[PDB]
Amino acid sequence: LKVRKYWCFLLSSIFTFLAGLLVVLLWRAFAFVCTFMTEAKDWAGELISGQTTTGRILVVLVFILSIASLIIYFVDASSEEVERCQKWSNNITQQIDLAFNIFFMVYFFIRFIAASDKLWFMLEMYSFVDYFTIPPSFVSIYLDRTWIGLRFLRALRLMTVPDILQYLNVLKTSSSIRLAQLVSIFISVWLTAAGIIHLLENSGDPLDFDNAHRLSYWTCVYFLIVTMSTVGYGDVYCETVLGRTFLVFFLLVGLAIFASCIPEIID
Amino acid sequence: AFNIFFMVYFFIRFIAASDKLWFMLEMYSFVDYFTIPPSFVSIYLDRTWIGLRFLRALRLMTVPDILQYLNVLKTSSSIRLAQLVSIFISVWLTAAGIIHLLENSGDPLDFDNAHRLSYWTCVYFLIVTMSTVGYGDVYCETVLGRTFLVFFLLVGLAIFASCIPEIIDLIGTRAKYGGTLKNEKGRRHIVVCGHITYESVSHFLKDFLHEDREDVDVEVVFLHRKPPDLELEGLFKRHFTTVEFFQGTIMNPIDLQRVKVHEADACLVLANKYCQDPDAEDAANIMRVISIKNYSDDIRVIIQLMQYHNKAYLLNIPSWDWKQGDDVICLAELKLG
Ligand SMILES: CC(C)CCC[C@@H](C)[C@H]1CC[C@H]2[C@@H]3CC=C4C[C@@H](O)CC[C@]4(C)[C@H]3CC[C@]12C
Ligand SMILES: CC(C)CCC[C@@H](C)[C@H]1CC[C@H]2[C@@H]3CC=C4C[C@@H](O)CC[C@]4(C)[C@H]3CC[C@]12C
Ligand SMILES: [K+]
Ligand SMILES: [K+]
């Protein structure tokens with residue numbers, strides 16, 4: 001605890017994104033000097049879209065585990081400290097987190113096979129969630145320490161709920177589909193923004209981390225809703241430079257996007 | 001070194017100005033008045049003051065003019081977006097400089113109530129003020145700072161209310177449907193155009209993909225001008241591995257290349273049976289066949305036809321050959337038959 005090992009978690013996530021990106025380019029370069037893909041890509045297409053009987057099982061199961069994974073983060077965020085040292089067997093939360101991540105890793109591989117374009121699949125917004133969530137876990141299980149990191153990014157998976165419902169033919173009316181999309185976007189952004197504020201405020205300013213503003217995750221949720229509604233009580237506010245820096249950008253695009261969202265939700 | 005260039009540039013604009021009196025009162029001219037003459041005071045007075053040098057941020061609103069001079073911006077939306085972005089950023093930075101100067105210097109004639117406040121904290125302060133959030137952690141204490149804040153609240157809030165909503169709107173949503181169909185070895189695909197709605201697509205897909213039919217792998221490509229509604233997008237999602245959609249018109253040769261009509265097995269032109277004017281619907285669909293045949297004559301075309309007397313126009317097309325597979329489905333002829 002004398003020296004923070006947060007860069008080790010960040011370095012692996014950056015390396016995984018960089019290594020995965022160049023391999024696709026390297027494979028294209030390797031394809032210049034150089035079936036299963038005909039069957040697997042078509043087969044994986046129905047698996048992710050829930051067209052086959054086994055495809056719907058995967059679609060429903062990943063829907064449930066996405067909800068359960070976010071709950072695991074909620075109890076994790078309840079910890080007062082940002083970095084903890086503990087063995088894998090000591091805590092059962094880490095074991096269950098590992099159980100959910102291996103499923104999210106094989107599911108990531110399945111979509112990669114079903115992806116028609118490999119370069120854009122790596123650069124899609126969904127893959128960045130996996131890059132900053134899965135590789136951190138193996139680093140934690142290897143170095144034998146845990147860190148809050150960027151674990152709040154699984155809240156971004158809540159915006160695929162309308163896609164899952166449409167795959168199972170649950171939503172049919174256009175109004176119902178539009179309402180579900182807007183609700184998922186508002187909730188996912190609200191929870192993700194709270195996680196960013198919670199991490200930045202608690203960790204403190206980089207490279208010295210002497211100004212740590214103790215702030216509970218649920219208090220951050222109450223802080224964001226006040227900020228979004230332009231109420232600004234001032235009882236809870238950001239003090240760190242990075243906390244204020246992110247708030248400046250959130251006030252620009254977060255309110256602008258939500259300007260046309262709530263009016264078309266109430267009607 | 002920068003100011004002597006900004007001084008000769010001021011002289012160049014003075015020569016090019018048709019009217020001299022109105023050139024002296026220009027907003028960009030006042031920026032030169034409070035920037036360069038103070039600079040030559042420092043070289044002589046041997047002391048530096050923050051002063052009003054923050055006015056160089058007002059030069060950011062000349063950025064759209066510079067881009068238009070170089071013919072970089074041509075579209076109206078691109079020009080409008082640059083103008084709104086430059087106006088908002090320059091006002092935001094200039095207002096922060098005014099707050100930073102007034103708060104740090106203190107009230108005139110005593111200068112004993114100075115409030116130590118960083119420039120970047122002022123930048124964070126104005127954006128909170130313009131968003132009408134008002135945390136209250138950072139606020140103005142001097143008389144001048146509050147006086148300028150009162151003036152800013154009247155005009156600065158209007159700038160935020162007009163620029164920010166349009167900036168995101170001008171950027172807009174990405175074109176979800178577009179690009180070129182991916183080429184696959186041994187792939188048999190067809191192109192369906194014409195009346196593409198949730199009514200036509202759902203009935204067509206149920207018939208085309210039926211368990212009682214022969215098991216053949218044929219991808220279906222839909223081309224339409226309007227973006228599909230949420231009902232149609234969900235239908236395409238359930239048929240992701242076999243049904244594909246593109247945005248574009250069949251009469252555009254560029255759009256024909258995107259869907260690869262020349263490699264398509266056949267082209268299907270649906271028709272709007274419940275149309276107000278069958279003559280208009282028939283002839284619009286006839287023009288679609290001409291565009292497809294113009295791109296390549298050796299393409300099988302199947303079209304739905306409302307009235308029979310419009311079949312003569314298609315039969316008179318030099319590239320129309322019934323022996324090669326071209327067929328006309330006449331609704332009136334079959335229904336009355
Ligand atoms: C795909 C890449 C290029 C996007 C940019 C990389 C981003 C995700 C990386 C690079 C620098 C990283 C930051 C470096 C420093 C800090 C401060 C620490 O207290 C919390 C984590 C945080 C805030 C990191 C978050 C993730 C981060 C912003
Ligand atoms: C073209 C002319 C008539 C316009 C009005 C002249 C303006 C620009 C001049 C005249 C008086 C000047 C002010 C005199 C006193 C102060 C207080 C000092 O602490 C900050 C500068 C400030 C605020 C000056 C700003 C510039 C100023 C307001
Ligand atoms: K308001
Ligand atoms: K307020």
# chains A, B, ... in the order shown; residues from 1 in each chain; ligands from 1
$ closest_atom_pairs --of "chain A" --to "ligand 4" --cutoff "7 Å" --atoms "only C-alpha atoms and all ligand atoms" --output "CSV"
residue,atom,partner,partner_atom_place_in_ligand_line,distance
A:231,CA,ligand 4,1 (K),5.1
A:232,CA,ligand 4,1 (K),3.8
A:233,CA,ligand 4,1 (K),5.3
A:234,CA,ligand 4,1 (K),6.9
$ residues_near_ligand --ligand "ligand 1" --cutoff "7 Å" --atoms "only C-alpha atoms and all ligand atoms" --output "VMD selection string"
chain A and resid 10 14 149 199 to 200 203 to 206
$ write_last_selection --atoms "N, CA and C atoms" --output "CSV table (one decimal), in the first residue's frame"
chain,number,residue,atom,x,y,z
A,10,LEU,N,-3.8,-0.6,-15.5
A,10,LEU,CA,-4.0,0.3,-16.7
A,10,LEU,C,-3.1,-0.2,-17.9
A,14,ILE,N,-4.3,-1.2,-21.7
A,14,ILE,CA,-3.8,-0.6,-22.9
A,14,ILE,C,-3.1,-1.5,-23.8
A,149,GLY,N,-10.3,0.4,-10.1
A,149,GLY,CA,-9.9,0.6,-11.5
A,149,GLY,C,-11.0,1.3,-12.2
A,199,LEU,N,-14.5,7.3,-8.8
A,199,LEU,CA,-13.1,6.9,-8.9
A,199,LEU,C,-12.2,8.2,-8.8
A,200,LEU,N,-12.5,9.2,-9.6
A,200,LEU,CA,-11.6,10.4,-9.6
A,200,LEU,C,-11.5,11.1,-8.3
A,203,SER,N,-9.7,8.6,-5.6
A,203,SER,CA,-8.3,8.4,-5.8
A,203,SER,C,-7.4,9.6,-5.6
A,204,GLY,N,-7.9,10.8,-6.0
A,204,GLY,CA,-7.2,12.0,-5.9
A,204,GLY,C,-6.4,12.4,-7.1
A,205,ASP,N,-5.6,13.5,-7.0
A,205,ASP,CA,-4.8,13.9,-8.1
A,205,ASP,C,-3.7,13.0,-8.4
A,206,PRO,N,-3.4,12.7,-9.7
A,206,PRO,CA,-2.5,11.7,-10.1
A,206,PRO,C,-1.1,12.1,-9.6
$ closest_atom_pairs --of "chain A" --to "ligand 3" --cutoff "12 Å" --atoms "only C-alpha atoms and all ligand atoms" --output "tab-separated table"
residue	atom	partner	partner_atom_place_in_ligand_line	distance
A:227	CA	ligand 3	1 (K)	11.3
A:228	CA	ligand 3	1 (K)	10.1
A:229	CA	ligand 3	1 (K)	7.7
A:230	CA	ligand 3	1 (K)	6.2
A:231	CA	ligand 3	1 (K)	8.3
A:232	CA	ligand 3	1 (K)	11.0
A:255	CA	ligand 3	1 (K)	10.5
A:259	CA	ligand 3	1 (K)	10.4
$ write_last_selection --atoms "N, CA and C atoms" --output "compact mmCIF listing (two decimals), in the first residue's frame"
# COMPACT_ATOMS: atom_id res chain seq x y z
N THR A 227 -26.73 17.50 -10.41
CA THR A 227 -26.00 18.20 -11.46
C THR A 227 -26.78 18.18 -12.78
N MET A 228 -27.34 17.03 -13.14
CA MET A 228 -28.05 16.91 -14.41
C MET A 228 -29.30 17.79 -14.42
N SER A 229 -30.01 17.86 -13.31
CA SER A 229 -31.23 18.67 -13.21
C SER A 229 -30.94 20.16 -13.06
N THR A 230 -29.67 20.56 -13.09
CA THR A 230 -29.27 21.97 -12.95
C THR A 230 -29.80 22.57 -11.65
N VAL A 231 -29.80 21.77 -10.59
CA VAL A 231 -30.21 22.26 -9.27
C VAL A 231 -29.03 22.85 -8.52
N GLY A 232 -27.93 22.09 -8.41
CA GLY A 232 -26.71 22.57 -7.80
C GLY A 232 -26.86 23.00 -6.35
N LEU A 255 -25.79 17.29 -20.65
CA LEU A 255 -27.03 18.05 -20.60
C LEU A 255 -27.60 18.27 -22.00
N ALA A 259 -31.25 17.04 -23.21
CA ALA A 259 -32.22 18.09 -23.48
C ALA A 259 -33.38 17.58 -24.32
$ residues_near_ligand --ligand "ligand 2" --cutoff "8 Å" --atoms "only C-alpha atoms and all ligand atoms" --output "ChimeraX atom specification"
/B:51-52,101-102,105-108,144
$ residues_around --residues "residue A:170" --least-positions-apart "6" --cutoff "12 Å" --atoms "only C-alpha atoms" --output "list in words"
residues 60, 161, 162, 163, 164, 176, 177 and 180 of chain A; 234 and 238 of chain B
$ interface_residues --of "chain A" --to "chain B" --cutoff "10 Å" --atoms "only C-alpha atoms" --output "JSON, numbers by chain"
{"A": [38, 41, 42, 43, 44, 45, 46, 48, 49, 50, 51, 114, 116, 117, 162, 163, 165, 166, 167, 168, 169, 171, 172, 173, 174, 175, 176, 177, 178, 226, 227, 228, 229, 230, 231, 232, 233, 234, 235, 236, 237, 238, 239, 241, 244, 245, 247, 248, 249, 251, 252, 253, 255, 256, 257, 259, 260]}
$ decode --residues "stretch 55-69 of chain A" --atoms "N, CA and C atoms" --output "PDB file, in the first residue's frame"
ATOM      1  N   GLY A  55     -29.328 -20.363 -29.393  1.00  0.00           N
ATOM      2  CA  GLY A  55     -28.997 -18.950 -29.453  1.00  0.00           C
ATOM      3  C   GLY A  55     -29.768 -18.123 -28.441  1.00  0.00           C
ATOM      4  N   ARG A  56     -31.055 -18.432 -28.259  1.00  0.00           N
ATOM      5  CA  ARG A  56     -31.859 -17.700 -27.287  1.00  0.00           C
ATOM      6  C   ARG A  56     -31.387 -17.950 -25.862  1.00  0.00           C
ATOM      7  N   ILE A  57     -30.858 -19.144 -25.585  1.00  0.00           N
ATOM      8  CA  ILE A  57     -30.325 -19.430 -24.256  1.00  0.00           C
ATOM      9  C   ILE A  57     -29.150 -18.511 -23.946  1.00  0.00           C
ATOM     10  N   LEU A  58     -28.247 -18.334 -24.914  1.00  0.00           N
ATOM     11  CA  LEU A  58     -27.116 -17.432 -24.719  1.00  0.00           C
ATOM     12  C   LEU A  58     -27.580 -15.989 -24.560  1.00  0.00           C
ATOM     13  N   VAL A  59     -28.572 -15.574 -25.352  1.00  0.00           N
ATOM     14  CA  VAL A  59     -29.051 -14.196 -25.294  1.00  0.00           C
ATOM     15  C   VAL A  59     -29.683 -13.902 -23.938  1.00  0.00           C
ATOM     16  N   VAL A  60     -30.511 -14.820 -23.437  1.00  0.00           N
ATOM     17  CA  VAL A  60     -31.146 -14.611 -22.139  1.00  0.00           C
ATOM     18  C   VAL A  60     -30.116 -14.692 -21.017  1.00  0.00           C
ATOM     19  N   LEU A  61     -29.188 -15.649 -21.104  1.00  0.00           N
ATOM     20  CA  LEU A  61     -28.199 -15.818 -20.043  1.00  0.00           C
ATOM     21  C   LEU A  61     -27.280 -14.607 -19.935  1.00  0.00           C
ATOM     22  N   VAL A  62     -26.830 -14.069 -21.072  1.00  0.00           N
ATOM     23  CA  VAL A  62     -25.975 -12.886 -21.030  1.00  0.00           C
ATOM     24  C   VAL A  62     -26.760 -11.676 -20.539  1.00  0.00           C
ATOM     25  N   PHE A  63     -28.074 -11.650 -20.777  1.00  0.00           N
ATOM     26  CA  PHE A  63     -28.908 -10.587 -20.228  1.00  0.00           C
ATOM     27  C   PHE A  63     -28.942 -10.643 -18.706  1.00  0.00           C
ATOM     28  N   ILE A  64     -29.068 -11.846 -18.144  1.00  0.00           N
ATOM     29  CA  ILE A  64     -29.123 -11.992 -16.693  1.00  0.00           C
ATOM     30  C   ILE A  64     -27.765 -11.682 -16.073  1.00  0.00           C
ATOM     31  N   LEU A  65     -26.692 -12.206 -16.669  1.00  0.00           N
ATOM     32  CA  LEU A  65     -25.362 -12.006 -16.101  1.00  0.00           C
ATOM     33  C   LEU A  65     -24.917 -10.553 -16.201  1.00  0.00           C
ATOM     34  N   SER A  66     -25.392  -9.822 -17.213  1.00  0.00           N
ATOM     35  CA  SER A  66     -25.094  -8.396 -17.291  1.00  0.00           C
ATOM     36  C   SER A  66     -25.690  -7.648 -16.106  1.00  0.00           C
ATOM     37  N   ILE A  67     -26.920  -7.997 -15.722  1.00  0.00           N
ATOM     38  CA  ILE A  67     -27.536  -7.393 -14.545  1.00  0.00           C
ATOM     39  C   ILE A  67     -26.792  -7.805 -13.281  1.00  0.00           C
ATOM     40  N   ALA A  68     -26.444  -9.089 -13.169  1.00  0.00           N
ATOM     41  CA  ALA A  68     -25.767  -9.577 -11.971  1.00  0.00           C
ATOM     42  C   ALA A  68     -24.365  -8.993 -11.845  1.00  0.00           C
ATOM     43  N   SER A  69     -23.678  -8.790 -12.972  1.00  0.00           N
ATOM     44  CA  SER A  69     -22.328  -8.234 -12.928  1.00  0.00           C
ATOM     45  C   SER A  69     -22.329  -6.822 -12.358  1.00  0.00           C
TER      46      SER A  69
END
